[PDB]
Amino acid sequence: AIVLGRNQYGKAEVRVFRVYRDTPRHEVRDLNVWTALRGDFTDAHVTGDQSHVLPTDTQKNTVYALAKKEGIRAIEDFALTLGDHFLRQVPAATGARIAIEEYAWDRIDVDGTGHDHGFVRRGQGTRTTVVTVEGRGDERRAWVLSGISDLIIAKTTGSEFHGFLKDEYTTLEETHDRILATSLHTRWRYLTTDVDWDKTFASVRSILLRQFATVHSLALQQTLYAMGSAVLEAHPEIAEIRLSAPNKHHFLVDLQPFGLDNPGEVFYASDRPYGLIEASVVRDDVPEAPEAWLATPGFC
């Protein structure tokens, strides 16, 4: 009684660089795109008949083709267009998952103004989206996740951790002052697809950064909740936000062996291990949408 279960296939990490150059002031969209189709590909696995299978090579061609034919503004719209496109090309497909990450570029400063066609990478986190489209016509449903990854941030005070559970293996001293440093990975789910994607992203990003800096932290857990709840309070169109934050320990070096004090000044920035504190903040009044999250961050 051995059968094929869940499966998906597509092209991973299609790097597409789109330039808008209708005026001498160029704009760039720098994208990394994943496609994944789902549906009746059973025979392709069990017997090797590829009749239903649209090659991943073609899914890559389609990314580049539509980059010209449809354009690339907000990555959520581009992902939605790709999802609907593959459903129209692949009758055996029941759904498509399109994930995109965008690398931001600034203009190189020349004599106090940004150059028309010279750019430098901004380097402060990746804007992401994960779009799922299922069905066709009146039964078509779609879900949009957006997110930020590798947003590297730190507080040098305003961070405490005390009153925790102490067991026989606990050696950690309580503290009222420590560094809190992380590299934030977050994704949030929109209630519908009728959203000003760029406006909401800029506001969410600003809210997460501001809350991180200004909330007095009693634990990374409490910081993440304050960040996520501030986002949902400001954005009724967002159903839920998941946050994943390493606690990149900066250890206060003991300089007493060298005859020196260390009043919170000299730290060893440790690579591994790191705390990993992960939390979701949700609207209690809307249904969950597990289809939006299937195979996020990955299949297995």
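We number the residues from 1 along the sequence you see.
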*Return whichever of 180 to 188 and 133 to 141 has the greater mean Cα B factor according to the PDB record.*
133 to 141
*Mean C-alpha B-factor comparison - 57 to 65 and 44 to 52, higher one*: 44 to 52
*Looking at 123, 163, 147, 228, which has the highest Cα B-factor in the entry?*
123
*Between 221, 200, 211, 128, which one tops the list for C-alpha B-factor in the PDB entry?*
200
*Sorting the chain's CA B-factors, does residue 86 end up in the lowest, middle or highest third?*
highest
*asked:* Ranking every modelled residue in this chain by its Cα temperature factor as given in the entry, which third contains residue 270?
replied: middle
*Which third of the chain holds residue 282 when residues are ordered by C-alpha B factor: lowest, middle or highest?*
highest
_residue 14 CA temperature factor, ranked by third within the chain_ = lowest
_Sorting by Cα B-factor within the chain, modelled residues only, which third would residue 98 end up in: lowest, middle or highest?_
middle
